[PDB]
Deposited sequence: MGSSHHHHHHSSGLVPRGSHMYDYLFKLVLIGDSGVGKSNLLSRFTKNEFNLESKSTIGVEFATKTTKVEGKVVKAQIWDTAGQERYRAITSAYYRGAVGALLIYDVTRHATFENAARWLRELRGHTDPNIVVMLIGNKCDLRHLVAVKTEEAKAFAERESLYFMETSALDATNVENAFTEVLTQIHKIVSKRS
């Protein structure tokens, strides 16, 4: 293989938090203004040079609501983005219930990052950054605020994960 490492990452979080757009903004630098709820499981790939070595991230992406294929979706996942909508406090509370789901199906030592998405909708921010920092520290998660719409921190969040995974694995 051309790459040194192949890291399977999963995106989870409630419907409409922007998971699919985060991905397409990372892989294909596009903001899908015309997005729609995801059917089944979609995939995407990116090959990066962190460390001076070749990393092929393999990103799985599924919808938020109504399963049983939870099974294959999480299996072998080695990093995860836990994404909530910065303007809808309901999506941020459900993060712990996603975190239990994610944890019942992965190794305790995967790299997990909490993402607060849509940080551009600044006048509707309904979740205090400090409260999300609280949940992140309480649960040993990484933490970022992102905007898929204006690319803010999207690259930083994904690479950060991928670097943190390699340090475990070397």
- request: List in ascending order the stretches of the deposited sequence, numbered from 1, that lack C-alpha coordinates.
  value: 1 to 19, 86 to 87, 192 to 194
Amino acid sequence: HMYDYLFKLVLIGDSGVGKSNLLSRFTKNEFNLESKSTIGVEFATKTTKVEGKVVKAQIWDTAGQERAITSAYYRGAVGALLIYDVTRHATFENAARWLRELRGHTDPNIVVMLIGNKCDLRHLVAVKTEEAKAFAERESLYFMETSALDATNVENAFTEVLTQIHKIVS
From here on, numbers count along this sequence of modelled residues.
query: In the PDB record, does 52 to 60 or 39 to 47 carry the higher mean Cα temperature factor?
result: 52 to 60
task: Return whichever of 12 to 20 and 145 to 153 has the greater mean Cα B factor according to the PDB record.
output: 145 to 153
- request: Could you check 117, 70, 140, 106 and tell me which one carries the biggest Cα B-factor in the deposited entry?
  value: 70
message: Which third, lowest, middle or highest, does the C-alpha temperature factor of residue 89 belong to within its own chain?
response: middle
field: Record-listed C-alpha B factor of residue 111: chain third
entry: lowest
task: Tell me, lowest, middle or highest third: where does the Cα B factor of residue 102 rank within its chain?
output: lowest
